Amino acid sequence: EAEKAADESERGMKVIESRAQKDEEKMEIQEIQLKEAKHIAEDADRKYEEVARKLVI
Amino acid sequence: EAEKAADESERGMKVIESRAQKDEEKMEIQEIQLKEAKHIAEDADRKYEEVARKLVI
Amino acid sequence: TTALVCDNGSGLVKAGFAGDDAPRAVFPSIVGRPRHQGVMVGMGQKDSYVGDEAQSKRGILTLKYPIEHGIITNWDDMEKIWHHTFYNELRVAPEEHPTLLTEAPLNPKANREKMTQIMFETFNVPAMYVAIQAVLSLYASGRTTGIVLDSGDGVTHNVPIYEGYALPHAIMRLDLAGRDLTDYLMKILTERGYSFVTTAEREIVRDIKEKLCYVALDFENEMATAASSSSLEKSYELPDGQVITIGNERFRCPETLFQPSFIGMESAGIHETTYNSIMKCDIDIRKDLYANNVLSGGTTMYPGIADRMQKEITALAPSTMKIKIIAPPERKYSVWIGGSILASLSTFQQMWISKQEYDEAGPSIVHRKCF
Amino acid sequence: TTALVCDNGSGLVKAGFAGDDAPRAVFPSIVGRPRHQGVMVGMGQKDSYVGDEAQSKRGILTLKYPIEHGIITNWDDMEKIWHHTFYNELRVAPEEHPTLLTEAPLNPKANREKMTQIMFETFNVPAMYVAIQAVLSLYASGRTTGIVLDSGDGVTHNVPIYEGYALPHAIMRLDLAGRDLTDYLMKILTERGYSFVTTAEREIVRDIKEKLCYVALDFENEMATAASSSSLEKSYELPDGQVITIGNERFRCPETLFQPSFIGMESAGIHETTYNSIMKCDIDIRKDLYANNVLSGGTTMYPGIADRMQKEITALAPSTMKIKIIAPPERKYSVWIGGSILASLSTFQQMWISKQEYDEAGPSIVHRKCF
Amino acid sequence: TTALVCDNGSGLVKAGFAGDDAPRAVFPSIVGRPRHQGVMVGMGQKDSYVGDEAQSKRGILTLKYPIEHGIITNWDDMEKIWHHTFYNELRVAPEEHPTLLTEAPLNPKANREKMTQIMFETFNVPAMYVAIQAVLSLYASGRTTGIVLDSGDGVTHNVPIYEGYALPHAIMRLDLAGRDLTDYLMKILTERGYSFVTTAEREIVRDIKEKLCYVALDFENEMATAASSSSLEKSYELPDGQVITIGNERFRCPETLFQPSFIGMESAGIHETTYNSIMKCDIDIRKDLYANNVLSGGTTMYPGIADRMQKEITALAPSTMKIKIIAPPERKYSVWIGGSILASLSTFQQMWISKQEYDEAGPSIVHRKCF
Ligand SMILES: Nc1ncnc2c1ncn2[C@@H]1O[C@H](COP(=O)(O)OP(=O)(O)O)[C@@H](O)[C@H]1O
Ligand SMILES: Nc1ncnc2c1ncn2[C@@H]1O[C@H](COP(=O)(O)OP(=O)(O)O)[C@@H](O)[C@H]1O
Ligand SMILES: Nc1ncnc2c1ncn2[C@@H]1O[C@H](COP(=O)(O)OP(=O)(O)O)[C@@H](O)[C@H]1O
Ligand SMILES: [Mg+2]
Ligand SMILES: [Mg+2]
Ligand SMILES: [Mg+2]
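Basis of the calculations
- Residues numbered from 1 in each chain as written, not as in the entry; some residues may be left out.
- Chains lettered and ligands numbered in written order.
- Part of a larger assembly, values for the part shown.
- Heavy atoms only, no water.
- UniProt positions renumbered as here; feature names shortened; annotations may be inferred.
- Helix = DSSP H or I, 4+ residues; strand = E, 2+ residues; numbered from the N terminus.
- Rg over C-alpha atoms; globule rule 2.2 N^0.38 Å.
- Buried < 20%, exposed > 50% of the residue type's maximum accessible area, 1.4 Å probe, protein only.
- Areas by Shrake-Rupley, 256 points an atom, 1.4 Å probe, with all protein chains shown as cover.
- Least-squares fit on C-alpha atoms.
- Contact = heavy atoms within 4.5 Å.
- Buried area = accessible area lost by both parts, 1.4 Å probe.
- Salt bridge = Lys/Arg side-chain N within 4 Å of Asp/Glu carboxyl O.
- Polar contact = N/O pair within 3.5 Å; in protein donor to acceptor, adjacent residues only side chain to side chain.
- Nonpolar A, V, L, I, M, F, W, Y, C, P; charged D, E, K, R; others polar.
- Near = heavy atom within 4 Å.

Method of determination for the deposited model, per the PDB record: cryo-EM, at 3.6 Å resolution.

Of chain C, the UniProt comment under Subcellular location (unreviewed entry) reads exactly: "Cytoplasm, Cytoskeleton". What the UniProt record of chain C gives under Sequence similarities (unreviewed entry) is the line "Belongs to the actin family."

Peer 1: Describe the overall build of chain A, listing the residues and the values that go with them.
Peer 2: What chain A contains, in helices and strands, is one helix and zero strands. By the compact-globule yardstick of 10 Å for 57 residues, chain A is too spread out, its C-alpha radius of gyration being 24 Å. Taken along its principal axes, the extent of the C-alpha atoms in chain A is 80 × 10 × 5 Å. Residues classed as buried in chain A amount to 19% of the 57 residues present. Carbon and sulfur atoms make up 56% of the accessible area of chain A, which amounts to about 4200 Å² in all.

Peer 1: Please give an account of the relation of the copies chain E and chain C that cites residues and values.
Peer 2: Overlay of chain E on chain C (RMSD 0.3 Å): rotation 167°, translation along the axis 28 Å. In this assembly, only 14% of the residues forming the interface of chain E have copies in chain C that are likewise at the interface, indicating a heterologous arrangement.

Peer 1: How would you explain the UniProt feature "binding site: ADP 1" (unreviewed entry) in chain C if you had to name every residue and give the values?
Peer 2: Residues and elements named next belong to chain C. Feature annotation in UniProt places "binding site: ADP 1" (unreviewed entry) on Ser-10, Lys-14, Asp-153, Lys-209, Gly-298 and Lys-332, given in this structure's numbering. Mapped onto the fold, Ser-10 is located in the loop between β1 (4-7) and β2 (13-17). With a relative accessible area of 12%, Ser-10 lands in the buried category. In contact with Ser-10, not counting residues within four places along its chain, are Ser-29, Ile-67, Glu-68, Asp-153, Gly-154 and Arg-179. On the basis of relative accessibility, which here comes to 24%, the residue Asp-153 falls in the partly exposed class. Contact partners of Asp-153, with chain neighbours within four places excluded, come to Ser-10, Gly-11, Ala-177, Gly-178, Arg-179 and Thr-299.

Peer 1: Summarise the interface of chain E and chain C; cite the residues concerned and give the values.
Peer 2: Residue-level contacts link seven residues of chain E with nine residues of chain C. Of the roughly 790 Å² buried between chain E and chain C on both sides combined, carbon and sulfur atoms contribute 53%. When residues of chain E are sorted by the area they lose upon contact with chain C, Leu-106, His-169 and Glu-266 of chain E head the list and together hold 57% of the total. Summed over the shared surface of chain E and chain C, the number is one salt bridge. With a shortest N-O distance of 3.0 Å, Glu-266 of chain E and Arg-35 of chain C are connected by a salt bridge. In this assembly, chain E and chain C are joined by four residue pairs in polar contact. Residue classes in the side of chain E that touches chain C are distributed as three nonpolar, two polar and two charged.

Peer 1: Describe the site of ligand 3, naming the residues involved and giving the relevant values.
Peer 2: All names here are of chain E. Close to ligand 3 lie 15 residues, the nearest being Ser-10, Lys-14, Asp-153, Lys-209 and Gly-298. Taking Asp-153, its side chain carries an N or O atom lying 2.9 Å from an oxygen atom of ligand 3. Here ligand 3 loses 89% of its free accessible area of 580 Å² to cover by the protein chains. The element best represented in the shell around ligand 3 is helix α6 (residues 199-212), accounting for three residues. For the shell around ligand 3, a count of residues per class yields three nonpolar, five polar and seven charged.

Here it is as structure tokens:
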């Protein structure tokens, strides 16, 4: 049973680490798109601020 | 030795599941912020067009 | 050959070869010294970090600006800055390159004399020239008349020029500049519970000032809106987290320019000084000066500053006079662009101060008519 | 010649030559004396058993540790330990080998003074140097920044280093260590039926702690699980029989590090002291310290300690920072590896305290720039 | 009716009726909580001890200061402190007595607003007022012009006043105070072998600092004398025994005031901040400010501090300008004396913040002209 548990541990660690590299890639790409979303959000924000100041003047 | 290996693998897979839940709420928050950023930017787009027409007239 | 256009300014050195569209090397003008001892041996830390490198080591360094208000107070630090600019940022030996320097109006003569002496002696440049930071800005705008307001980090000044003829008796200088605004922002941010004391975090406060501060078209109305609503509050991310939200302080910092009394200075606001300078000139050129207002310097980059300045000057000026304010997007680098344009002129090649001339007639050449 | 790196530490003396990948000699720092009379005539038992040999005769000796928390309390015992290390373990004459010694931060100056005096007089070492544990531990980790938490058997201290520059005002020390954990394990084992009092059984309890104890990610959840399930119970074999089974006591002993209130200490847990030390430092380097947290010392070898520490710090720290904990497999011998690396450096050869300097300036010379 | 004057301070609350020569209720501002179990039943133990009572049970309680640096960081504790002051030490119902409070300059607005809200809501006083400590100190001294240095236990600050007019732009605030000196004394006492960690030992260290520490006229000379001779060794007796001996660190602790770099702080010493403040003012009042330097606060009672500060200022100041330092013997209570005097004025009776005014205008009423 110790050897059986060792085999269980080895393929369990293999599957979980495969999922870990998958999730690492996922979080990296989602953080990249998070940065992009923040940049576009602030871009629209201050563009609208400037055009609104132009409108009021 | 086998029992120690199994214990370490069990700890690793508990912590891998814990980081997985962490990643889960991270996707939740980043998805909601991406959605709201998109909405605010696109609303900025409509109002920018409207105020641009106002500025021209 | 080619000429180097160095603009020391204050808080930002920008330099590059003459004839280039934009400056090649731009970096803060600070000197950093390690205030700790160092335990790890063998690294061989240098005793002084100069330029942009000091910005990456703010947490273990004390930063000193060699220029307080236009003038140079620490000559060794300025020499280090010049050496770093010549040998690292540009990687060009100054032995065979004339240099054009810029400085604000109404500065001590010893400053200019010592600058010239250091440049001829330490670096042995073949020739050098000194210019006013305002005339170059006027060149960069493709104009020949009007008044120029150069609001940098150290000093602000107004210089009226008509048809290429400067009017020395109407030049106005005020010591309020970006550094005082940063200090005021540090002071007033305490009321919200945020404390900034170390010189390193002065740079952080400067970053918030650049990113969030803006000029209000009207003061009382904006105060009322901020006190009633909360739509003007914005949040900034510090280098170590704990995002901080600033509201009413957002537009109070840049108002010091129009309200010097906030920081205790008795002098009048920027618009009032400009108006007084406008009338300090003759009466036959006031219309053109009104119609050709020029802005330059980083401090004039606040959003909405142009509209407020125009409104104030129109209120002061007679109704039947057209008022226009020129605010090109590239205010910050306008002075360097003008210097590059001037250095590329063929007729200017005879205005350089040759090394032989300086040796024969001494350091006082710059002040003499051979300007 | 070659340099000699010796680490007295606390509870374990480890020594070897510089440039080696691991200490050659490692043995407990224990001095034992016989407490009985002795009837056989002719064997001629020695009056003092020192080092690992005392472990063999553990059952007829009163083991004493020469040092309580870093500070040496029995100088004669320390001299015996050093003599045994130099002669019976390394079999070398210290008359021709410079010695590098390791000493914890924030200790009485008389300690270092007496250490150097003994080394220079009793053993006539040609030269010697004294270093700090944290710097060596950082050296061995291949890092130049970060905050290092060194937790041995005597004392646990956190030291932040940034770009090779220390932050003395942010160094934190806590007297909780492995010895207190062993004492608490004795105190908590008695509630099950096993009583350990004699100093000989101290070693048995320490071995049980090393072999069975582990750190729980959650305390309340683990206690609830153990209250019902019996899957956490493990058996241990004493050196005579009567195996003993321990349940929840295995993960309760190491909780004292995070819950010092168990043993009456007022201070906070290590996870909180680390965060406090990080917030002591300047704001501009907190991100790097967060991302370069280093662990060292035997007491940090408990399974699952790294995950618990990371979880606690992440809870304390802002959610926008990546907390990374570096736990190399060889935590116990990290300090000695760092000392070997430091002694192997060429530029370090001029930092030794030579015999002539000690003779001229007396024992106090240790407190000069040759810190 | 009569008005109450309460000075919360930082770690020392002093309160009394207005129109008295000295306060009649002085006690530390600490809240103690029992950290142990408690075996005896029926003792009726309380779950929170406040004020001087907690000083008598330091060995079974954990002590918390509700004020870190001027700012109140725990409102429940401060409420308990105020209730104890009003109902036990003074034994007067606050429902029929105006209250005057004091706070340091540059204090966060939220702190003052919450103070006023708690004061009006919980204790339901009819009127209340808040004042800056510097102005009260000036009133107590009987002067009307001169820069005042108020170094308390939580914060130090220099405020210049000329002819009853304050200069906000010249107010300087530094966070170095008595608490930091106590912490530094703790840190440096370990150099001899005395370890103080628990909050109870903080009071012992503070008492040692009060009794023995003194300011040296010169640092290098005194250190040389201490290293050479042994006449500065002084012995203190702990609550139990094992009298401790103190040498050079007797005067090394207060040097942090003039040498903040000891504790890693960037800012300069008080002797330099005072000069910077003096130079920050106008030019035509610098003479009077030089000749009317006023000291206040508990931290300014180190024997010889006045002479050292006078020497430093004279070194900094021009030769032809005379420097005078005023150090009344009642430095600690000067703020309360000034507050009582101010409350005694008949004119000030019209500056009270009536309860109806607060109700109709809300908390913001505090920041309006009724400053
Ligand atoms: N967009 C901006 N908003 C606010 N402040 C700005 C902005 N751009 C530049 N500044 C300020 O201008 C200063 C730089 O002035 P600069 O033009 O370099 O003067 P000099 O030419 O004398 O060096 C900086 O201190 C910065 O705070
Ligand atoms: N695998 C382990 N698990 C738990 N504790 C351990 C382990 N190995 C060693 N220790 C503890 O570490 C201590 C040794 O610390 P050490 O590294 O010698 O400190 P120092 O370097 O100050 O001598 C021992 O007292 C022991 O209790
Ligand atoms: N003779 C003395 N020597 C050294 N320190 C003193 C002396 N007298 C008072 N102190 C310090 O002054 C502090 C009290 O300051 P205090 O005037 O109460 O400030 P606050 O009013 O803000 O509480 C104490 O913490 C103590 O350490
Ligand atoms: Mg400029
Ligand atoms: Mg160790
Ligand atoms: Mg006070």
